[PDB]
>>> print(open('my_file_25.pdb').read())   # PDB, C-alpha atoms and all ligand atoms
ATOM      1  CA  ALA A   1       0.000   0.000   0.000  1.00  0.00           C
ATOM      2  CA  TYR A   2       2.880   2.478   0.672  1.00  0.00           C
ATOM      3  CA  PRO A   3       4.146   3.801  -2.698  1.00  0.00           C
ATOM      4  CA  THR A   4       7.652   3.039  -3.970  1.00  0.00           C
ATOM      5  CA  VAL A   5      10.049   4.347  -6.608  1.00  0.00           C
ATOM      6  CA  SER A   6       8.575   2.023  -9.232  1.00  0.00           C
ATOM      7  CA  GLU A   7       5.249   3.863  -8.892  1.00  0.00           C
ATOM      8  CA  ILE A   8       6.215   7.572  -8.708  1.00  0.00           C
ATOM      9  CA  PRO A   9       7.865   9.144 -11.772  1.00  0.00           C
ATOM     10  CA  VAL A  10      10.260  11.999 -11.019  1.00  0.00           C
ATOM     11  CA  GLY A  11       8.159  15.167 -10.918  1.00  0.00           C
ATOM     12  CA  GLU A  12       5.056  13.588  -9.319  1.00  0.00           C
ATOM     13  CA  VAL A  13       4.080  13.454  -5.633  1.00  0.00           C
ATOM     14  CA  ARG A  14       1.810  11.071  -3.700  1.00  0.00           C
ATOM     15  CA  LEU A  15       0.079  11.553  -0.333  1.00  0.00           C
ATOM     16  CA  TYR A  16      -0.480   8.725   2.203  1.00  0.00           C
ATOM     17  CA  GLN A  17      -2.815   9.056   5.202  1.00  0.00           C
ATOM     18  CA  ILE A  18      -1.206   7.719   8.393  1.00  0.00           C
ATOM     19  CA  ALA A  19      -3.862   8.776  10.902  1.00  0.00           C
ATOM     20  CA  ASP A  20      -6.635  11.348  11.237  1.00  0.00           C
ATOM     21  CA  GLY A  21      -5.141  14.683  10.171  1.00  0.00           C
ATOM     22  CA  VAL A  22      -1.654  13.258   9.471  1.00  0.00           C
ATOM     23  CA  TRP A  23      -0.222  12.398   6.034  1.00  0.00           C
ATOM     24  CA  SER A  24       3.173  11.632   4.609  1.00  0.00           C
ATOM     25  CA  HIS A  25       4.192  13.049   1.231  1.00  0.00           C
ATOM     26  CA  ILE A  26       6.348  10.924  -1.117  1.00  0.00           C
ATOM     27  CA  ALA A  27       8.438  12.109  -4.095  1.00  0.00           C
ATOM     28  CA  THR A  28      11.409  10.832  -6.143  1.00  0.00           C
ATOM     29  CA  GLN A  29      14.628  12.294  -7.514  1.00  0.00           C
ATOM     30  CA  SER A  30      17.652  11.373  -9.628  1.00  0.00           C
ATOM     31  CA  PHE A  31      20.980  11.304  -7.794  1.00  0.00           C
ATOM     32  CA  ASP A  32      24.289  10.456  -9.479  1.00  0.00           C
ATOM     33  CA  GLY A  33      22.610   7.955 -11.807  1.00  0.00           C
ATOM     34  CA  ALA A  34      19.893   6.309  -9.683  1.00  0.00           C
ATOM     35  CA  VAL A  35      16.357   7.146  -8.512  1.00  0.00           C
ATOM     36  CA  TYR A  36      15.503   7.347  -4.796  1.00  0.00           C
ATOM     37  CA  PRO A  37      12.283   8.077  -2.879  1.00  0.00           C
ATOM     38  CA  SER A  38      11.932  10.656  -0.098  1.00  0.00           C
ATOM     39  CA  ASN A  39       9.309  11.330   2.634  1.00  0.00           C
ATOM     40  CA  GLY A  40       7.945  14.407   4.402  1.00  0.00           C
ATOM     41  CA  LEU A  41       4.925  15.075   6.690  1.00  0.00           C
ATOM     42  CA  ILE A  42       1.651  17.091   6.625  1.00  0.00           C
ATOM     43  CA  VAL A  43      -0.246  17.794   9.898  1.00  0.00           C
ATOM     44  CA  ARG A  44      -3.662  19.430  10.199  1.00  0.00           C
ATOM     45  CA  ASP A  45      -3.631  22.535  12.453  1.00  0.00           C
ATOM     46  CA  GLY A  46      -7.280  23.531  12.892  1.00  0.00           C
ATOM     47  CA  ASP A  47      -8.377  24.863   9.497  1.00  0.00           C
ATOM     48  CA  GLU A  48      -4.740  25.161   8.260  1.00  0.00           C
ATOM     49  CA  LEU A  49      -1.855  22.735   7.527  1.00  0.00           C
ATOM     50  CA  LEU A  50       1.740  22.495   8.787  1.00  0.00           C
ATOM     51  CA  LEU A  51       4.281  21.063   6.280  1.00  0.00           C
ATOM     52  CA  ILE A  52       7.417  19.159   7.369  1.00  0.00           C
ATOM     53  CA  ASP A  53      10.168  19.244   4.651  1.00  0.00           C
ATOM     54  CA  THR A  54      10.083  20.036   0.914  1.00  0.00           C
ATOM     55  CA  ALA A  55       9.632  17.374  -1.822  1.00  0.00           C
ATOM     56  CA  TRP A  56      13.323  17.507  -2.930  1.00  0.00           C
ATOM     57  CA  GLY A  57      13.407  20.223  -5.586  1.00  0.00           C
ATOM     58  CA  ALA A  58      11.471  23.158  -7.053  1.00  0.00           C
ATOM     59  CA  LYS A  59       9.413  21.188  -9.604  1.00  0.00           C
ATOM     60  CA  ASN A  60       8.532  18.452  -7.074  1.00  0.00           C
ATOM     61  CA  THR A  61       7.535  21.030  -4.412  1.00  0.00           C
ATOM     62  CA  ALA A  62       5.231  22.870  -6.869  1.00  0.00           C
ATOM     63  CA  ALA A  63       3.600  19.484  -7.570  1.00  0.00           C
ATOM     64  CA  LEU A  64       3.307  18.896  -3.800  1.00  0.00           C
ATOM     65  CA  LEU A  65       1.379  22.160  -3.307  1.00  0.00           C
ATOM     66  CA  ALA A  66      -0.947  21.339  -6.241  1.00  0.00           C
ATOM     67  CA  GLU A  67      -1.653  17.815  -4.872  1.00  0.00           C
ATOM     68  CA  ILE A  68      -2.368  19.183  -1.368  1.00  0.00           C
ATOM     69  CA  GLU A  69      -4.875  21.667  -2.774  1.00  0.00           C
ATOM     70  CA  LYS A  70      -6.557  18.971  -4.917  1.00  0.00           C
ATOM     71  CA  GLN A  71      -6.778  16.251  -2.235  1.00  0.00           C
ATOM     72  CA  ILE A  72      -7.029  18.114   1.118  1.00  0.00           C
ATOM     73  CA  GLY A  73      -8.047  21.668   0.203  1.00  0.00           C
ATOM     74  CA  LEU A  74      -6.721  23.537   3.274  1.00  0.00           C
ATOM     75  CA  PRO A  75      -3.987  26.209   3.194  1.00  0.00           C
ATOM     76  CA  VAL A  76      -0.342  25.412   3.982  1.00  0.00           C
ATOM     77  CA  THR A  77       0.594  28.341   6.225  1.00  0.00           C
ATOM     78  CA  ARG A  78       3.953  27.187   7.719  1.00  0.00           C
ATOM     79  CA  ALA A  79       6.780  24.749   6.840  1.00  0.00           C
ATOM     80  CA  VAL A  80       9.708  23.344   8.900  1.00  0.00           C
ATOM     81  CA  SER A  81      12.901  21.894   7.347  1.00  0.00           C
ATOM     82  CA  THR A  82      14.520  19.224   9.545  1.00  0.00           C
ATOM     83  CA  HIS A  83      18.135  19.550   8.234  1.00  0.00           C
ATOM     84  CA  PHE A  84      20.094  21.524   5.624  1.00  0.00           C
ATOM     85  CA  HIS A  85      20.289  19.003   2.707  1.00  0.00           C
ATOM     86  CA  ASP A  86      18.426  19.540  -0.606  1.00  0.00           C
ATOM     87  CA  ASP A  87      15.736  16.878   0.127  1.00  0.00           C
ATOM     88  CA  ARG A  88      14.671  19.103   3.037  1.00  0.00           C
ATOM     89  CA  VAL A  89      15.259  22.731   1.816  1.00  0.00           C
ATOM     90  CA  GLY A  90      15.238  22.313  -1.994  1.00  0.00           C
ATOM     91  CA  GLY A  91      11.949  23.982  -2.892  1.00  0.00           C
ATOM     92  CA  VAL A  92      11.952  26.555  -0.056  1.00  0.00           C
ATOM     93  CA  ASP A  93      11.913  29.376  -2.659  1.00  0.00           C
ATOM     94  CA  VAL A  94       8.730  27.882  -4.238  1.00  0.00           C
ATOM     95  CA  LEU A  95       7.100  27.699  -0.789  1.00  0.00           C
ATOM     96  CA  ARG A  96       8.027  31.329  -0.023  1.00  0.00           C
ATOM     97  CA  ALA A  97       6.681  32.620  -3.381  1.00  0.00           C
ATOM     98  CA  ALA A  98       3.381  30.857  -2.559  1.00  0.00           C
ATOM     99  CA  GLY A  99       3.043  32.672   0.790  1.00  0.00           C
ATOM    100  CA  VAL A 100       4.186  29.834   3.089  1.00  0.00           C
ATOM    101  CA  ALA A 101       6.234  30.942   6.095  1.00  0.00           C
ATOM    102  CA  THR A 102       9.431  28.793   6.121  1.00  0.00           C
ATOM    103  CA  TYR A 103      11.239  27.858   9.374  1.00  0.00           C
ATOM    104  CA  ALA A 104      14.420  26.045  10.483  1.00  0.00           C
ATOM    105  CA  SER A 105      16.842  26.103  13.431  1.00  0.00           C
ATOM    106  CA  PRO A 106      19.645  28.722  13.304  1.00  0.00           C
ATOM    107  CA  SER A 107      22.096  25.821  12.893  1.00  0.00           C
ATOM    108  CA  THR A 108      20.264  24.541   9.786  1.00  0.00           C
ATOM    109  CA  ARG A 109      20.066  28.054   8.258  1.00  0.00           C
ATOM    110  CA  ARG A 110      23.834  28.551   8.730  1.00  0.00           C
ATOM    111  CA  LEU A 111      24.747  25.183   7.174  1.00  0.00           C
ATOM    112  CA  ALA A 112      22.366  25.701   4.233  1.00  0.00           C
ATOM    113  CA  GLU A 113      24.035  29.062   3.499  1.00  0.00           C
ATOM    114  CA  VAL A 114      27.558  27.552   3.635  1.00  0.00           C
ATOM    115  CA  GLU A 115      26.466  24.858   1.151  1.00  0.00           C
ATOM    116  CA  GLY A 116      24.822  27.292  -1.270  1.00  0.00           C
ATOM    117  CA  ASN A 117      21.378  25.732  -0.669  1.00  0.00           C
ATOM    118  CA  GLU A 118      18.010  27.474  -0.231  1.00  0.00           C
ATOM    119  CA  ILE A 119      17.559  29.139   3.215  1.00  0.00           C
ATOM    120  CA  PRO A 120      14.316  29.064   5.287  1.00  0.00           C
ATOM    121  CA  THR A 121      13.322  32.600   6.338  1.00  0.00           C
ATOM    122  CA  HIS A 122      12.440  32.202  10.064  1.00  0.00           C
ATOM    123  CA  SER A 123      14.621  30.888  12.937  1.00  0.00           C
ATOM    124  CA  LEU A 124      13.348  28.353  15.499  1.00  0.00           C
ATOM    125  CA  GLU A 125      14.479  29.136  19.044  1.00  0.00           C
ATOM    126  CA  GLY A 126      14.917  26.693  21.930  1.00  0.00           C
ATOM    127  CA  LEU A 127      16.585  23.781  20.074  1.00  0.00           C
ATOM    128  CA  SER A 128      20.328  24.414  20.517  1.00  0.00           C
ATOM    129  CA  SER A 129      21.164  21.713  23.118  1.00  0.00           C
ATOM    130  CA  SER A 130      20.759  17.936  22.852  1.00  0.00           C
ATOM    131  CA  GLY A 131      17.496  16.896  24.471  1.00  0.00           C
ATOM    132  CA  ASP A 132      15.721  20.225  23.858  1.00  0.00           C
ATOM    133  CA  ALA A 133      12.021  20.174  22.826  1.00  0.00           C
ATOM    134  CA  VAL A 134       9.548  22.911  21.789  1.00  0.00           C
ATOM    135  CA  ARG A 135       5.861  22.989  20.801  1.00  0.00           C
ATOM    136  CA  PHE A 136       5.103  24.290  17.272  1.00  0.00           C
ATOM    137  CA  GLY A 137       1.400  24.244  16.497  1.00  0.00           C
ATOM    138  CA  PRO A 138       0.136  20.632  16.428  1.00  0.00           C
ATOM    139  CA  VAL A 139       3.612  19.036  16.778  1.00  0.00           C
ATOM    140  CA  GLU A 140       6.594  18.849  19.124  1.00  0.00           C
ATOM    141  CA  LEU A 141      10.054  19.537  17.626  1.00  0.00           C
ATOM    142  CA  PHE A 142      13.025  17.726  19.277  1.00  0.00           C
ATOM    143  CA  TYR A 143      16.806  18.102  18.814  1.00  0.00           C
ATOM    144  CA  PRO A 144      18.296  14.678  19.786  1.00  0.00           C
ATOM    145  CA  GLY A 145      21.934  15.590  19.142  1.00  0.00           C
ATOM    146  CA  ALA A 146      24.172  15.119  16.121  1.00  0.00           C
ATOM    147  CA  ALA A 147      23.449  12.047  13.952  1.00  0.00           C
ATOM    148  CA  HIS A 148      22.910  12.013  10.139  1.00  0.00           C
ATOM    149  CA  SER A 149      23.885  15.725  10.361  1.00  0.00           C
ATOM    150  CA  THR A 150      24.843  18.030  13.232  1.00  0.00           C
ATOM    151  CA  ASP A 151      21.533  19.971  12.915  1.00  0.00           C
ATOM    152  CA  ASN A 152      18.965  17.166  12.418  1.00  0.00           C
ATOM    153  CA  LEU A 153      15.539  17.556  14.113  1.00  0.00           C
ATOM    154  CA  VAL A 154      12.778  14.977  14.721  1.00  0.00           C
ATOM    155  CA  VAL A 155       9.007  15.697  14.879  1.00  0.00           C
ATOM    156  CA  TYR A 156       6.285  14.090  17.049  1.00  0.00           C
ATOM    157  CA  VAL A 157       2.473  14.364  16.610  1.00  0.00           C
ATOM    158  CA  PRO A 158       0.991  13.663  20.085  1.00  0.00           C
ATOM    159  CA  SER A 159      -2.663  13.351  18.950  1.00  0.00           C
ATOM    160  CA  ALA A 160      -1.720  10.483  16.598  1.00  0.00           C
ATOM    161  CA  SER A 161       1.381   8.934  18.241  1.00  0.00           C
ATOM    162  CA  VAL A 162       3.384   9.553  14.999  1.00  0.00           C
ATOM    163  CA  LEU A 163       7.192   9.986  15.181  1.00  0.00           C
ATOM    164  CA  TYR A 164       8.848  11.446  12.069  1.00  0.00           C
ATOM    165  CA  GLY A 165      12.558  10.698  12.274  1.00  0.00           C
ATOM    166  CA  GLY A 166      13.804  12.251   9.045  1.00  0.00           C
ATOM    167  CA  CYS A 167      17.137  11.111   7.705  1.00  0.00           C
ATOM    168  CA  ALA A 168      18.544  10.248  11.164  1.00  0.00           C
ATOM    169  CA  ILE A 169      16.327   7.085  11.037  1.00  0.00           C
ATOM    170  CA  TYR A 170      16.780   4.332   8.404  1.00  0.00           C
ATOM    171  CA  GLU A 171      14.070   2.063   6.955  1.00  0.00           C
ATOM    172  CA  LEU A 172      14.423  -1.658   7.762  1.00  0.00           C
ATOM    173  CA  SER A 173      15.386  -2.759   4.224  1.00  0.00           C
ATOM    174  CA  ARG A 174      18.519  -0.541   4.319  1.00  0.00           C
ATOM    175  CA  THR A 175      21.347  -2.572   5.855  1.00  0.00           C
ATOM    176  CA  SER A 176      24.322  -0.394   4.839  1.00  0.00           C
ATOM    177  CA  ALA A 177      25.044   3.252   5.524  1.00  0.00           C
ATOM    178  CA  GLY A 178      24.135   5.806   2.874  1.00  0.00           C
ATOM    179  CA  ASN A 179      25.127   9.488   2.743  1.00  0.00           C
ATOM    180  CA  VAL A 180      27.338   9.970   5.827  1.00  0.00           C
ATOM    181  CA  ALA A 181      29.526  12.843   4.567  1.00  0.00           C
ATOM    182  CA  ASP A 182      28.031  15.280   7.107  1.00  0.00           C
ATOM    183  CA  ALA A 183      27.293  12.768   9.925  1.00  0.00           C
ATOM    184  CA  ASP A 184      28.631  12.406  13.490  1.00  0.00           C
ATOM    185  CA  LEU A 185      29.027   8.621  13.576  1.00  0.00           C
ATOM    186  CA  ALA A 186      30.445   8.757  17.122  1.00  0.00           C
ATOM    187  CA  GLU A 187      27.346  10.475  18.555  1.00  0.00           C
ATOM    188  CA  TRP A 188      24.600   8.970  16.354  1.00  0.00           C
ATOM    189  CA  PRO A 189      23.778   5.988  18.677  1.00  0.00           C
ATOM    190  CA  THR A 190      23.582   8.278  21.743  1.00  0.00           C
ATOM    191  CA  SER A 191      21.246  10.639  19.837  1.00  0.00           C
ATOM    192  CA  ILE A 192      18.963   7.716  18.892  1.00  0.00           C
ATOM    193  CA  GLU A 193      18.782   6.688  22.566  1.00  0.00           C
ATOM    194  CA  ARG A 194      17.523  10.214  23.428  1.00  0.00           C
ATOM    195  CA  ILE A 195      14.675   9.742  20.884  1.00  0.00           C
ATOM    196  CA  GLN A 196      13.737   6.379  22.434  1.00  0.00           C
ATOM    197  CA  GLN A 197      13.719   7.882  25.936  1.00  0.00           C
ATOM    198  CA  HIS A 198      11.542  10.870  24.956  1.00  0.00           C
ATOM    199  CA  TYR A 199       8.986   9.041  22.710  1.00  0.00           C
ATOM    200  CA  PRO A 200       8.492   5.479  24.080  1.00  0.00           C
ATOM    201  CA  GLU A 201       4.747   5.607  23.286  1.00  0.00           C
ATOM    202  CA  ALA A 202       5.234   6.163  19.511  1.00  0.00           C
ATOM    203  CA  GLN A 203       3.077   3.812  17.390  1.00  0.00           C
ATOM    204  CA  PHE A 204       4.189   4.862  13.853  1.00  0.00           C
ATOM    205  CA  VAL A 205       7.786   5.759  12.918  1.00  0.00           C
ATOM    206  CA  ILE A 206       8.517   7.431   9.542  1.00  0.00           C
ATOM    207  CA  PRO A 207      12.084   7.431   8.083  1.00  0.00           C
ATOM    208  CA  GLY A 208      13.411  10.147   5.771  1.00  0.00           C
ATOM    209  CA  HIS A 209      13.549   7.629   2.878  1.00  0.00           C
ATOM    210  CA  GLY A 210      11.369   4.489   2.415  1.00  0.00           C
ATOM    211  CA  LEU A 211       8.804   2.450   4.345  1.00  0.00           C
ATOM    212  CA  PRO A 212       7.315   3.358   7.762  1.00  0.00           C
ATOM    213  CA  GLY A 213       7.323   0.936  10.669  1.00  0.00           C
ATOM    214  CA  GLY A 214       7.428   0.954  14.481  1.00  0.00           C
ATOM    215  CA  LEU A 215       9.984   1.772  17.168  1.00  0.00           C
ATOM    216  CA  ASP A 216      12.217  -1.127  15.963  1.00  0.00           C
ATOM    217  CA  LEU A 217      13.509   1.293  13.294  1.00  0.00           C
ATOM    218  CA  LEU A 218      15.538   3.060  16.032  1.00  0.00           C
ATOM    219  CA  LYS A 219      17.571   0.001  17.104  1.00  0.00           C
ATOM    220  CA  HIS A 220      17.853  -0.992  13.421  1.00  0.00           C
ATOM    221  CA  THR A 221      19.522   2.354  12.631  1.00  0.00           C
ATOM    222  CA  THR A 222      21.937   1.970  15.557  1.00  0.00           C
ATOM    223  CA  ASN A 223      22.918  -1.502  14.271  1.00  0.00           C
ATOM    224  CA  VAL A 224      23.638  -0.144  10.747  1.00  0.00           C
ATOM    225  CA  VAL A 225      25.644   2.834  12.099  1.00  0.00           C
ATOM    226  CA  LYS A 226      27.793   0.664  14.387  1.00  0.00           C
ATOM    227  CA  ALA A 227      28.516  -1.790  11.560  1.00  0.00           C
ATOM    228  CA  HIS A 228      29.653   1.084   9.350  1.00  0.00           C
ATOM    229  CA  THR A 229      31.794   2.456  12.211  1.00  0.00           C
ATOM    230  CA  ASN A 230      33.564  -0.917  12.350  1.00  0.00           C
ATOM    231  CA  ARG A 231      34.183  -1.102   8.568  1.00  0.00           C
TER
HETATM  232  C1  LIG A 301      20.220  13.750  -1.083  1.00  0.00           C
HETATM  233  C2  LIG A 301      19.857  12.963   0.181  1.00  0.00           C
HETATM  234  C3  LIG A 301      20.180  13.816   1.419  1.00  0.00           C
HETATM  235  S1  LIG A 301      19.930  12.931   3.004  1.00  0.00           S
HETATM  236  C4  LIG A 301      20.665  11.675   0.302  1.00  0.00           C
HETATM  237  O1  LIG A 301      21.818  11.674   0.029  1.00  0.00           O
HETATM  238  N1  LIG A 301      19.950  10.523   0.825  1.00  0.00           N
HETATM  239  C5  LIG A 301      20.502   9.187   1.085  1.00  0.00           C
HETATM  240  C6  LIG A 301      19.499   8.196   0.493  1.00  0.00           C
HETATM  241  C7  LIG A 301      20.008   6.782   0.210  1.00  0.00           C
HETATM  242  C8  LIG A 301      21.314   6.337   0.028  1.00  0.00           C
HETATM  243  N2  LIG A 301      21.292   5.029  -0.206  1.00  0.00           N
HETATM  244  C9  LIG A 301      20.020   4.587  -0.193  1.00  0.00           C
HETATM  245  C10 LIG A 301      19.475   3.303  -0.382  1.00  0.00           C
HETATM  246  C11 LIG A 301      18.098   3.116  -0.313  1.00  0.00           C
HETATM  247  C12 LIG A 301      17.252   4.196  -0.057  1.00  0.00           C
HETATM  248  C13 LIG A 301      17.789   5.464   0.135  1.00  0.00           C
HETATM  249  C14 LIG A 301      19.184   5.652   0.064  1.00  0.00           C
HETATM  250  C15 LIG A 301      20.626   8.967   2.600  1.00  0.00           C
HETATM  251  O2  LIG A 301      19.794   9.475   3.399  1.00  0.00           O
HETATM  252  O3  LIG A 301      21.556   8.271   3.084  1.00  0.00           O
HETATM  253 ZN    ZN A 302      20.540  14.496   4.614  1.00  0.00          ZN
HETATM  254 ZN    ZN A 303      17.593  12.489   3.182  1.00  0.00          ZN
HETATM  255 ZN    ZN A 304      17.750  -4.284  11.532  1.00  0.00          ZN
END
>>> encode(input="my_file_25.pdb", output="structure tokens", more="lines below")
Ligand SMILES: C[C@H](CS)C(=O)N[C@H](Cc1c[nH]c2ccccc12)C(=O)O
Ligand SMILES: [Zn+2]
Ligand SMILES: [Zn+2]
Ligand SMILES: [Zn+2]
Amino acid sequence: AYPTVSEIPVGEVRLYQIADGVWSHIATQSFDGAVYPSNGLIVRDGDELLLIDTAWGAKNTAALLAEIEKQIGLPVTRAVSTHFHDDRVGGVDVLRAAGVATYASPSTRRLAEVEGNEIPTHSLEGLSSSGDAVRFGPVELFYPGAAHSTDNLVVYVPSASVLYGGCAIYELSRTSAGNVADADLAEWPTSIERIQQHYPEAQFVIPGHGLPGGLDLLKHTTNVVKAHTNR
């Protein structure tokens, strides 16, 4: 039932309902010769919507906004990017031109600028130390420490028991490390343990790329990271 790369041509976006008022968005992109899928989140906020992450590029993110209007029909008023890579901020300029207020931590905004990537407009306070959490509309934002990147955030929806891990959490079918160029391999297992301690009641866990599952995805990611460390 969850859509895969074989079903989404590059340039198209699908939506998947996880629980009442909570969807994932799924898109695809070419990277150095191959095609990969990528997930973000949509959370209903009264009569408005909060978006978590772009759809990995300008064309994909325009298609995302069109699909949201067709299928859900409520305005996207705010967006949060969970780290500085192009699958999270690529498309921020399209969001801004459409009137969406874009947000990220000051750490993410700095790293995006250094990389020459698109830069969310607004800065999120209260997330500078490992273990920090803040409320943002219908979600909680949590900084677990450095992992896939030094700035990575995770997102929890308390009304639905949905944990969105972004690219700090791997899907079960991935048994080898992927893009680790910006990672803190030494701290990644400790950061995962902070997530487990803060969200033990999570029922649905969504990785940055691929299939959702349960809390087992956390220990799975620690196993993959430690195996890579011992390469
Ligand atoms: C451009 C993005 C930024 S996080 C990126 O590099 N993403 C890769 C995605 C990836 C690498 N190997 C795979 C195998 C199966 C499914 C996904 C992948 C990552 O997060 O490691
Ligand atoms: Zn990344
Ligand atoms: Zn990613
Ligand atoms: Zn495993």
>>> residues_around(input="my_file_25.pdb", residues="region 94-100 of chain A", least_positions_apart="6", cutoff="8 Å", atoms="only C-alpha atoms", output="number ranges by chain")
A: 58, 61-62, 76-79
>>> write_last_selection(input="my_file_25.pdb", atoms="C-alpha atoms", output="CSV table (one decimal), in the frame of the given file")
chain,number,residue,atom,x,y,z
A,58,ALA,CA,11.5,23.2,-7.1
A,61,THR,CA,7.5,21.0,-4.4
A,62,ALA,CA,5.2,22.9,-6.9
A,76,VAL,CA,-0.3,25.4,4.0
A,77,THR,CA,0.6,28.3,6.2
A,78,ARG,CA,4.0,27.2,7.7
A,79,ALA,CA,6.8,24.7,6.8
>>> residues_around(input="my_file_25.pdb", residues="region 130-134 of chain A", least_positions_apart="5", cutoff="7 Å", atoms="all atoms listed in the file", output="number ranges by chain")
A: 140-145, 194
>>> residues_near_ligand(input="my_file_25.pdb", ligand="ligand ZN 304 (chain A)", cutoff="8 Å", atoms="all atoms listed in the file", output="PyMOL selection string")
chain A and resi 172-173+175+216-217+219-221+223-224
>>> closest_residue(input="my_file_25.pdb", among="A:23, A:38, A:114, A:12", to="residue 66 (chain A)", atoms="only C-alpha atoms")
A:12
>>> atom_distance(input="my_file_25.pdb", atom1="CA of residue 108 (chain A)", atom2="CA of residue 229 (chain A)")
25.0 Å
>>> closest_residue(input="my_file_25.pdb", among="A:191, A:222, A:152, A:196", to="ligand ZN 302 (chain A)", atoms="all atoms listed in the file")
A:152
>>> closest_residue(input="my_file_25.pdb", among="A:73, A:166, A:9, A:40", to="ligand ZN 302 (chain A)", atoms="all atoms listed in the file")
A:166
>>> residues_near_ligand(input="my_file_25.pdb", ligand="ligand ZN 302 (chain A)", cutoff="8 Å", atoms="all atoms listed in the file", output="PyMOL selection string")
chain A and resi 83-88+148-149+167+179+182
>>> resolve_selection(input="my_file_25.pdb", expression="the PyMOL selection byres (((chain A and resi 46) around 12) and not hetatm)", output="list in words")
residues 21, 43, 44, 45, 47, 48, 49, 50, 74, 75, 76, 77, 137 and 138 of chain A
>>> residues_around(input="my_file_25.pdb", residues="residue 102 (chain A)", least_positions_apart="6", cutoff="10 Å", atoms="only C-alpha atoms", output="MDAnalysis selection string")
chainID A and resid 51:53 77:81 89 92:93 95:96 119:123
>>> residues_around(input="my_file_25.pdb", residues="residue 105 (chain A)", least_positions_apart="5", cutoff="8 Å", atoms="only C-alpha atoms", output="short mmCIF file (atom, residue, chain, number, x, y, z; two decimals) with C-alpha atoms, keeping the file's coordinate frame")
data_model
loop_
_atom_site.label_atom_id
_atom_site.label_comp_id
_atom_site.auth_asym_id
_atom_site.auth_seq_id
_atom_site.Cartn_x
_atom_site.Cartn_y
_atom_site.Cartn_z
CA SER A 123 14.62 30.89 12.94
CA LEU A 124 13.35 28.35 15.50
CA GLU A 125 14.48 29.14 19.04
CA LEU A 127 16.58 23.78 20.07
CA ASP A 151 21.53 19.97 12.92
#
>>> atom_distance(input="my_file_25.pdb", atom1="CA of residue 146 (chain A)", atom2="CA of residue 225 (chain A)")
13.0 Å
>>> resolve_selection(input="my_file_25.pdb", expression="the PyMOL selection byres (((chain A and resi 184) around 6) and not hetatm)", output="short mmCIF file (atom, residue, chain, number, x, y, z; two decimals) with C-alpha atoms, in the coordinates of the input")
data_model
loop_
_atom_site.label_atom_id
_atom_site.label_comp_id
_atom_site.auth_asym_id
_atom_site.auth_seq_id
_atom_site.Cartn_x
_atom_site.Cartn_y
_atom_site.Cartn_z
CA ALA A 146 24.17 15.12 16.12
CA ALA A 147 23.45 12.05 13.95
CA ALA A 183 27.29 12.77 9.93
CA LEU A 185 29.03 8.62 13.58
CA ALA A 186 30.44 8.76 17.12
CA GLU A 187 27.35 10.48 18.56
#
>>> closest_residue(input="my_file_25.pdb", among="A:171, A:209, A:197, A:68", to="residue 35 (chain A)", atoms="only C-alpha atoms")
A:209
>>> axis_aligned_box(input="my_file_25.pdb", around="region 27-35 of chain A", padding_each_side="6 Å", output="lines of an AutoDock Vina configuration file")
center_x = 16.4
center_y = 9.3
center_z = -8.0
size_x = 27.9
size_y = 18.0
size_z = 19.7
>>> closest_residue(input="my_file_25.pdb", among="A:200, A:116, A:212, A:178", to="residue 17 (chain A)", atoms="all atoms listed in the file")
A:212
>>> resolve_selection(input="my_file_25.pdb", expression="the PyMOL selection byres (((chain A and resi 29-33) around 8) and not hetatm)", output="list in words")
residues 10, 11, 27, 28, 34, 35, 36, 37 and 56 of chain A
>>> closest_residue(input="my_file_25.pdb", among="A:215, A:65, A:4, A:20", to="ligand LIG 301 (chain A)", atoms="all atoms listed in the file")
A:4
